[PDB]
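Virtual Cβ from ideal backbone geometry, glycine too; neighbours counted across all protein chains shown. All of this is worked out from the model, or read from it or from the source named; these are not laboratory values.
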Amino acid sequence: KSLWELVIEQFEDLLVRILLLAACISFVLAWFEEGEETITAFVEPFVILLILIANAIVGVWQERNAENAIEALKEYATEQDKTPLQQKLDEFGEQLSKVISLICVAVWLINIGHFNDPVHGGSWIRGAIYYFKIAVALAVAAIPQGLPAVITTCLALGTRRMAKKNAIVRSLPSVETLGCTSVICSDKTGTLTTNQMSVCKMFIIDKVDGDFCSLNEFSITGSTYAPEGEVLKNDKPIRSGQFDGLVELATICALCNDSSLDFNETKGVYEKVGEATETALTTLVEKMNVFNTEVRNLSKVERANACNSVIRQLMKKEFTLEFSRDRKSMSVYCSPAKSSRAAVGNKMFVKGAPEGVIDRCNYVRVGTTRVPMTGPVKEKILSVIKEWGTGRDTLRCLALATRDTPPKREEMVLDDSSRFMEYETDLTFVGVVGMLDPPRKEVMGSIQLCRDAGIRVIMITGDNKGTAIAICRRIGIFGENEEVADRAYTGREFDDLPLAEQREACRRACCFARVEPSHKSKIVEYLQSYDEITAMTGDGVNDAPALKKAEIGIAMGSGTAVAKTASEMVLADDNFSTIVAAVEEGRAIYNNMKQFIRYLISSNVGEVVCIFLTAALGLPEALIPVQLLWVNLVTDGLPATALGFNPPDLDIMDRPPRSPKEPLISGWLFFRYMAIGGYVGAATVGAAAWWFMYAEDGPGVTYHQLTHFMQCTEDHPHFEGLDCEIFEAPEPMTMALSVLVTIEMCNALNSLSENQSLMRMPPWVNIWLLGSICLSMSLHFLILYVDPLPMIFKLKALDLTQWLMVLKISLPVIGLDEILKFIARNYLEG
Ligand SMILES: CCCCCCCC/C=C\CCCCCCCC(=O)OC[C@H](COP(=O)(O)OCC[N+](C)(C)C)OC(=O)CCCCCCC/C=C\CCCCCCCC
Ligand SMILES: [Ca+2]
Ligand SMILES: [Ca+2]
Ligand SMILES: [K+]
């Protein structure tokens, strides 16, 4: 059950029922009076009922549009769980219910002296019932009904829109927190950058003298997974079969990888089989072709695996050593089979992260030579390792080596992967392949959007800290000259920090490189310590316990279904930009709720000001009960509902993330409610008071007469030349009514955005609201001009002259908010 539904939606229904009851009591009592057997006696109950029918029709169509949105999305627990927002809306509704109740009792109490008035027949009871019908009808009107159905729509409206932007939400209460997101922690590879990495640069050993180590760098072209491209040396097109060093490197590439290149004929472009990393080497082999096999004549469907198949028989893989996270490399054992190359012994190819394959290296091959890995051969090639991955391109270096004297196959463990590393201690060295994946377009811009939004991004990659930082500088996470030695840590560094110092690091960090699986859950632990709403991404099962600890666990479309199920939202895009585009939508929905609430509260305040003002001033009452019901049906109805179709605001990603601690209504916003409320409630009684004092063929009276109108029968000398029954005239009541309905249709236009002016976001930015306004307006004109109708609601037709007065009075309500929305943008926001 819902506390808001119980105290507002249901309470409003009982009020209508007891209102109708009050009507039918007046019906029975209007029999014992004389001349009251007229055919007007049934009219009032017949209207309160007839309006209740239309108010119900609105309810049905408002519920039918809500259940459809939820179902259209779905198509294509000991009762103790509620969102902080749901706890606030239920606290709100309880206050509104209580406040309106006191307010309406006060309406009935301030009219005690008006009970025995001659207008009621001179009976105290007959008047005491009337003002009861007033207070109750006001209570029905004042109540902001329809909230849950409008939210339910918006909640599913954005969800359909998020799915359009590849953002697939697991749960619905999740999207509320998406807008409150403070920190977005995301994996670099696959998300912040596409998985289309190819080998663009590569270098090997050229000439070696003590402290004179020379390198032979190469630059390959064609960063697509295709043999399209030629290897270049010093910007000079040279065949790969011109250097003996490329021979050894190409050999390891095609033998250590388990990646194929199935050219899909229907695609037209070469595709990828296996892993993205290893696939690049396969494309590298074809683009090099040191064997100088016939290339062009081989068809598109086989060329990709052509030069790759030349080595499939040159040697043959015996067994392949698996990858281990500790060693950070992998190896194959290849005794030359079917090639008569077994006479020249057998070798062992390895492939992995530089440092591991260099520290555990003792020899450096020079084309077809062997040299003991000394000092200069190490530091003067690892300088290139650094300057490659730290430059403009930010390459992912991958050292390639070979073991000329491998341990016997008669001695090898397989159940223990930690032993694998010990089989790779002594080996030669060939070269290193520079490899890059490109960051997605405008991630740098999507990073920017977060910064403006006050949302912090934290990168979690597997690169070294040097290139990890270089990546952040490329995508604007870090400044090009900012000292980031305080905002970037590694697995070894973060663990070497004091426990209390570690959480302090998470208050400033934006990058993490070479990270243990346990750190992700350990970072969320620290981010939650600073009370930050954390959106964490993941792909592996190592991320699984972290996607439950984080506020918004974010999975991957290409990721395993284990994380996709145990998350709150899944990226079918595998894009980082999808994360923030879904954050934006989370904010857009909450704003749409605040526009809905603002319109109702502000307007309905005036409706309460209206009744209280005329009573406190001494003016003839502006509204009878059945008119108050018409105000509600027309303003609290379709126009307010269509407010849930407002477009996303403009100042949406510039304001800081909304805290769950923030009250539902701020101080300024409450004042803003009262101000607009204050005006419409005064502008409506000033409309009726205008008919009296200043209107043409509206009996011009002094303000003093109008205030003391009850003495008209007595004060003949003070009310000379006037008719006492003119204070019961329908024209002023029509002016008050027409203004109130118009000024609320104008106030609806104020709720297309919270702070953006109507100049920035025009009234036609929401067509559904325009139609709603048109409908309510035409419906009001129907009551005024279709002859049986004005008699019923005690109204008279308005001519063009006094319809313009309605405009002159109403339209400034747009003017007032524009004054306030100006102050909000320029004196509060920024
Ligand atoms: C016959 C009956 C009258 C009917 C009235 C209908 C109201 C019409 C609604 C809108 C008309 C706006 C046209 C004005 C042209 C300005 C263009 C526009 O684009 O405007 C943008 C600017 C502010 O924008 P900014 O933030 O970018 O510049 C701030 C940035 N910086 C500080 C660097 C400059 O102008 C703003 O929007 C300010 C807009 C305020 C204009 C209305 C104010 C008139 C005064 C009173 C009317 C209501 C009184 C009720 C009670 C009042 C009590 C106080
Ligand atoms: Ca209402
Ligand atoms: Ca209203
Ligand atoms: K979670």
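Are any residues in the stretch 101-130 under 46 Å from the mean Cα position of the chain (by Cα), under 23 Å from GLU44 (Cβ atoms) and buried (at least 16 other Cβ atoms within 10 Å of the Cβ), and if so, which ones? Steps first, answer last, please.
Quick first cut of the stretch 101-130, residues under 46 Å from the mean Cα position of the chain (by Cα) only: 101-107.
Right, trim to under 23 Å from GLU44 (Cβ atoms) and you get 104-105, 107.
Selection gives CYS104, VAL107.
Give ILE533, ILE523, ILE552 a once-over and let me know the one that is touching an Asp or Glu at 6+ places or on another chain (Cβ under 6 Å), crowded, with 23+ Cβ neighbours inside 10 Å and assigned by CATH to the domain that holds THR461. First the steps, then the outcome.
Working: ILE533 fails: crowded, with 23+ Cβ neighbours inside 10 Å; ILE523 fails: touching an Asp or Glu at 6+ places or on another chain (Cβ under 6 Å).
From the options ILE533, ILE523, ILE552, the qualifying one is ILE552.
Restricting attention to strands (runs of 3 or more DSSP E) lying wholly within the stretch 499-595, give those where 3 or more residues are within 28 Å of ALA485 (Cα to Cα). Show your work before the answer.
Numbers: elements: 511-513, 534-537, 552-556, 569-571.
Correct list: 511-513, 534-537.
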Inset, instruction - Hand me the list of helices (runs of 4 or more DSSP H) wholly inside the stretch 772-830 holding 1 or more residues that are surrounded by 15 or more Cβ atoms within 10 Å (Cβ to Cβ), away from ligand 1 (no atom under 16 Å from the Cβ) and not charged (D, E, K, R). - result: 788-792
Inset, instruction - Out of the residues in the stretch 615-667 that are surrounded by fewer than 21 Cβ atoms within 10 Å (Cβ to Cβ) and of a type in the set (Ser, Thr, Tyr), state the one that is farthest from ligand 3 (Cβ to nearest atom). - result: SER659
Inset, instruction - With respect to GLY540, determine if the residue is of a type in the set (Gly, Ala, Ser), touching a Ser or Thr at 6+ places or on another chain (Cβ under 8 Å) and surrounded by fewer than 19 Cβ atoms within 10 Å (Cβ to Cβ). - result: yes
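Just to check your reading of the model, which residue among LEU427, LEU436, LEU400 is in contact with a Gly (Cβ under 7 Å, 6 or more places away or on another chain) and among the hydrophobic types (A, V, I, L, M, F, W, C)? Walk me through it before giving the result.
Working: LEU427 fails: in contact with a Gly (Cβ under 7 Å, 6 or more places away or on another chain); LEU436 fails: in contact with a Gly (Cβ under 7 Å, 6 or more places away or on another chain).
Being in contact with a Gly (Cβ under 7 Å, 6 or more places away or on another chain) and among the hydrophobic types (A, V, I, L, M, F, W, C) holds for just one of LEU427, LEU436, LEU400, which is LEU400.
Take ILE597 and decide whether it is among the aliphatic types (A, V, I, L, M), more than 13 Å from ligand 4 (Cβ to nearest atom), within 19 Å of the chain's Cα centre (by Cα) and under 26 Å from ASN750 (Cα atoms).
Judged against the criteria, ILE597 is not a match.
Among the listed residues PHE203, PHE115, identify the single one that is assigned by CATH to the domain that holds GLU584, aromatic (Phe, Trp, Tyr) and away from ligand 1 (no atom under 16 Å from the Cβ).
Selected residue: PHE115, the only one of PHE203, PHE115 that is assigned by CATH to the domain that holds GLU584, aromatic (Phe, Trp, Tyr) and away from ligand 1 (no atom under 16 Å from the Cβ).
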Legend entry - Cβ pairs under 9 Å, 6+ apart, first in the stretch 75-90 and under 25 Å from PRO144 (Cα atoms) and assigned by CATH to the domain that holds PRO660, second part of a helix (DSSP H, G or I) and of a type in the set (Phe, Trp, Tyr): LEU85/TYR590; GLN86/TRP4; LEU89/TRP4; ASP90/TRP4
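Rundown of residues vs (1) within 20 Å of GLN627 (Cβ to Cβ); (2) in contact with a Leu (Cβ under 7 Å, 6 or more places away or on another chain); (3) assigned to a loop (DSSP other than H, G, I, E, B), yes/no style:
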site	(1), (2), (3)
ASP90	no, yes, no
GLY93	no, yes, no
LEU96	no, no, no
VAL99	no, no, no
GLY122	no, no, yes
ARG126	yes, yes, no
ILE134	yes, no, no
Inset, instruction - Evaluate the stretch 149-160: report whether one residue or more is within 16 Å of ligand 3 (Cβ to nearest atom) and in contact with a helix residue (DSSP H, G or I) (Cβ under 8 Å, 6 or more places away or on another chain). - result: yes
Inset, instruction - Please work out which one of (1) touching a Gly at 6+ places or on another chain (Cβ under 9 Å); (2) within 16 Å of ligand 3 (Cβ to nearest atom); (3) not hydrophobic (A, V, I, L, M, F, W, C) is the condition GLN802 fails and give its number. - result: (2)
Inset, instruction - Working carefully through the options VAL626, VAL631, find the one that is within 14 Å of ligand 2 (Cβ to nearest atom) and over 14 Å from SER751 (Cβ atoms). - result: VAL631
Inset, instruction - Look at the stretch 692-745 and say how many of its residues are surrounded by fewer than 17 Cβ atoms within 10 Å (Cβ to Cβ) and either among the acidic types (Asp, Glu) or touching a strand residue (DSSP E or B) at 6+ places or on another chain (Cβ under 7 Å) (or both). - result: 8
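Which ranges mark the helices (runs of 4 or more DSSP H) fully within the stretch 254-364 that have 2 or more residues being in the same structural domain as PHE243 (by CATH) and of a type in the set (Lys, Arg)? Reasoning before the result, please.
Working: elements: 276-288, 300-309, 354-359.
Of the helices (runs of 4 or more DSSP H) lying wholly inside the stretch 254-364, those with at least 2 residues that are in the same structural domain as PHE243 (by CATH) and of a type in the set (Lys, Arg) span 300-309.
Looking at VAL413, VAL432, which one is among the aliphatic types (A, V, I, L, M) and in contact with a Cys (Cβ under 6 Å, 6 or more places away or on another chain)?
Details: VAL413 fails: in contact with a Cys (Cβ under 6 Å, 6 or more places away or on another chain).
Every option except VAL432 fails the conditions.
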Inset, instruction - Would you confirm whether any residue within the stretch 406-425 is among the small types (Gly, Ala, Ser), exposed (fewer than 13 other Cβ atoms within 10 Å of the Cβ) and part of a loop (DSSP other than H, G, I, E, B)? - result: no
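Quick check: anything in the stretch 215-223 assigned by CATH to the domain that holds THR368 and within 39 Å of the chain's Cα centre (by Cα)? Steps first, please.
First, the residues of the stretch 215-223 that are assigned by CATH to the domain that holds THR368: 215-223.
Narrowing the set further to residues that are within 39 Å of the chain's Cα centre (by Cα) leaves 222-223.
Yes: the stretch 215-223 contains one or more residues that are assigned by CATH to the domain that holds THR368 and within 39 Å of the chain's Cα centre (by Cα).
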Inset, instruction - Please work out if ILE204 is surrounded by 23 or more Cβ atoms within 10 Å (Cβ to Cβ), of a type in the set (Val, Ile, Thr) and more than 41 Å from the chain's Cα centre (by Cα). - result: yes
Inset, instruction - Could you give me the residue pairs with C-beta distances under 9 Å whose first residue belongs to the stretch 583-612 and is under 30 Å from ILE447 (Cβ atoms), whose second residue is in a helix (DSSP H, G or I) and among the charged types (D, E, K, R) wherever it lies, and which are 6+ apart or on separate chains? - result: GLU585/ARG161; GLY586/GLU176; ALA588/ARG161; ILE589/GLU176; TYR590/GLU176
Legend entry - From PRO237, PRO227, residue being in the same structural domain as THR394 (by CATH), crowded, with 19+ Cβ neighbours inside 10 Å and more than 29 Å from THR374 (Cα to Cα): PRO227
Inset, instruction - Test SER738 against the criterion of being among the polar types (S, T, N, Q) and either outside the structural domain of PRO639 (by CATH) or closer than 25 Å to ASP651 by Cβ (or both), and give yes or no. - result: no
Inset, instruction - Tell me which of these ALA748 doesn't satisfy, since it passes every other one: (1) more than 13 Å from ligand 1 (Cβ to nearest atom); (2) assigned to a loop (DSSP other than H, G, I, E, B). - result: (2)
